[PDB]
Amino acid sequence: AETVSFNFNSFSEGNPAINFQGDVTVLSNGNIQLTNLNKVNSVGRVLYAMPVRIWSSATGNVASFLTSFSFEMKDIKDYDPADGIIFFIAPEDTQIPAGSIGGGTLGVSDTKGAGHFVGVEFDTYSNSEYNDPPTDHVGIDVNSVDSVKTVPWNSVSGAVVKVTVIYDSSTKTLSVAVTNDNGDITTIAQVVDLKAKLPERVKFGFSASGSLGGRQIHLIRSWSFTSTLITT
């Protein structure tokens, strides 16, 4: 089996295992801050530097993966707490969309909310233009921030959020378990054929964004990931 695994309990600038895109910044406490509180339409993305092969065109096999991470979003005075964070998977050539307006695109889609990626979003602002639910929510996105499915959620400022995601290649099921600060859990599942939506080689990462009036602190605190591809 072809396994890729890494664990980050903190991040440091210069680690070749991580690729920073946009307004990302590593705080002295080891945490990654995704957006710049002083920039308009700030977008910051952090990707695992090594491309992962999620499926083989030879065997036709798709990898299963288990990843968990924890983030934190804190409000700042006296800006709107937006827009949030998205854990995504994209082709290895993925770059912040040219002319990105940040905001509701979450740094992974164009103005229409379209892009090439699969991800789980933790949305804190309701963008009618992308058909967002009326409240905070977790959503499964497939090439669009107009989520294929969303579930009500509640982003608590300054609260640490723990997420666990399991992708089972046989059923092509992506299940997410989000553990809120209060102890309750929120789940959302969705069948997504990675082999049909993405190329053999992809990159995993987080992305966050803001707008002119929408800004907040987006922190990634830790990240563990493991993918295993059956090579026969």
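Sequential numbering from 1, following the sequence displayed. So that the term is clear: the rigid core is the largest set of C-alpha atoms that superpose within 1.5 Å between two forms.
Student: Out of 97 to 105 and 72 to 80, which one drifts farther from the shown form in 9 other deposited structures of this protein in terms of CA positions, with the fit done on the rigid core?
Tutor: Of 97 to 105 and 72 to 80, the stretch deviating more in 9 other deposited structures of this protein is 97 to 105.
Student: Per the entry, where is the mean C-alpha temperature factor higher: 31 to 39 or 200 to 208?
Tutor: On average, C-alpha B-factors are higher across 31 to 39.
Student: Quick one: higher average CA temperature factor, 108 to 116 or 74 to 82?
Tutor: Per the PDB entry, the higher value belongs to 74 to 82.
Student: Quick one: which of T187, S68, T171, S57 has the biggest Cα B-factor according to the entry?
Tutor: Among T187, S68, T171, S57, the PDB entry lists the largest C-alpha B-factor for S57.
Student: Among the candidates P133, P91, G102, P97, give the one with the maximum CA B-factor reported in the record.
Tutor: Comparing C-alpha B-factors across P133, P91, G102, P97, the top value belongs to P97.
Student: Based on the deposited C-alpha B factors for this chain, I'd like to know if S222 is in the lowest, middle or highest third.
Tutor: CA B-factor rank for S222: middle third.
Student: Within this chain, which third does the Cα B-factor at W153 fall in: lowest, middle or highest?
Tutor: Top third by C-alpha B-factor.
Student: For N7, return the chain-relative third of its C-alpha B-factor as stated in the PDB record: lowest, middle or highest.
Tutor: Middle third of the chain for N7's C-alpha B-factor.
Student: Classify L194 as lowest, middle or highest third according to the C-alpha B-factor given in the PDB entry, relative to its own chain.
Tutor: Highest third, going by the recorded CA B-factors of the chain.
Student: Sorting the chain's CA B-factors, does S144 end up in the lowest, middle or highest third?
Tutor: Its C-alpha B-factor belongs to the lowest third of this chain's values.
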